[PDB]
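What follows is one chain in structure tokens, specifically the form deposited in one PDB entry.
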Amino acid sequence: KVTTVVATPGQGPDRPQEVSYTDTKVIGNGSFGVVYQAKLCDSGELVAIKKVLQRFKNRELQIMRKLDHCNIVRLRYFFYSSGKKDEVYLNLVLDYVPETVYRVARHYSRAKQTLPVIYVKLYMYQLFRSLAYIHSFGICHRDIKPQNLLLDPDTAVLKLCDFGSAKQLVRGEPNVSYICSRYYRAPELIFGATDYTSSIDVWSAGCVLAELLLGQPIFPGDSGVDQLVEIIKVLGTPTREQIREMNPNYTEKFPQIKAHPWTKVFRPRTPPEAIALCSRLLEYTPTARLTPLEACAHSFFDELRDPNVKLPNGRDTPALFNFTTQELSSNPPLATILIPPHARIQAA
């Protein structure tokens, strides 16, 4: 069965064209609508088709049309379709990716093993590249969690997906505080900040890292203040200064506790660079957190810059040094750390 629609390509000229697809199968339902898998007839490539029910322009579409990066799911095409009367659906044709960081972590947890640190480095590094890319546009993802990090098992390529929560943060324009997935929600958000920055994604990324080291979510909070209590149980109670920086409008009730040492949080053999990276991502003070490009340059990722590095299956490392000007724009001189001599494109 072949379906043909008029669609606009995600990138390039804003010109509609005929696109045809087959082997249409539902791969999930959601609050937004339905997601299908299908095969493009022209190339034969697998794609996902996210069908979203639409007063306002679709923010997810506006954000997605601007993005093209190796560590983000690419919007191939979009097109409109109809459902009841006056119901309009936006259809996003996206790269298909079979696995997630959530499923890989769950596999290891069930086998009572932690993910080898090399995979933790590979996944986190790619996530940081994706964050550096989107943050350059002022776009904050606001839903960083293992479920939204797609993986191709063979190549170990990670791609960030689900821009349904994403927003361009503009200084002085307030934003909703109840926004990320709860275990990954930055403390400023729990304190009711509406003037928060993209650094909320970095906290989320820190939670993912810690999770991949621990074998389970580091802050598995219940509803209410209990999420904040879980955080305090590791970082300790925030000072009044830290509270001010998180939310200058903080409306005054949590327990007073001293920080548990980071080294004691993780398993005894956890590499010290991993703990050091976590401690620089999971800071109460939003401005104290590493930027994504600074995270990529951290010594925890030194192994990925070693010329002799191979994946456990013997297959080639995925692309790690094809940096874009978007990613490098916050600190171009850091490219001498990030891209070692063996990976440097040569003058020829």
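Between two forms, the rigid core is the largest collection of C-alphas that superpose within 1.5 Å. We number the residues from 1 along the sequence you see.
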Size class of the missing deposited segment between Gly83 and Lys84: 1 to 3
What lies unmodelled of the deposited sequence between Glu252 and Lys253 amounts to 1 to 3
Tell me which of 72 to 80 and 243 to 251 has the higher mean C-alpha B-factor in the deposited entry. 243 to 251
When the Cα temperature factors in the entry are averaged, is it 181 to 189 or 90 to 98 that ends up higher? 90 to 98
C-alpha B-factor winner, where the candidates are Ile257, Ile118, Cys207, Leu150: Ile257
Out of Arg55, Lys50, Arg280, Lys66, which residue has the highest Cα temperature factor in the PDB record? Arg55
Considering every modelled residue of the chain and its Cα B-factor in the PDB entry, is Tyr196 in the lowest, middle or highest third? lowest
For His298, return the chain-relative third of its C-alpha B-factor as stated in the PDB record: lowest, middle or highest. middle
By the entry's values, the third containing the CA B factor of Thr336 is the middle
If you rank the chain by CA B-factor, which third does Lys39 end up in: lowest, middle or highest? highest
Could you tell me which third, lowest, middle or highest, the C-alpha B-factor of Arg305 occupies within its chain? middle
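Quick note: we don't show the form deposited in another entry, though the next part is all about it.
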After fitting the rigid core, is the C-alpha of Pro16 off by 2 Å or more between this form and the one not shown? yes
Core-superposed C-alpha of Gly44 shifting 2 Å or more between this form and the one not shown: yes
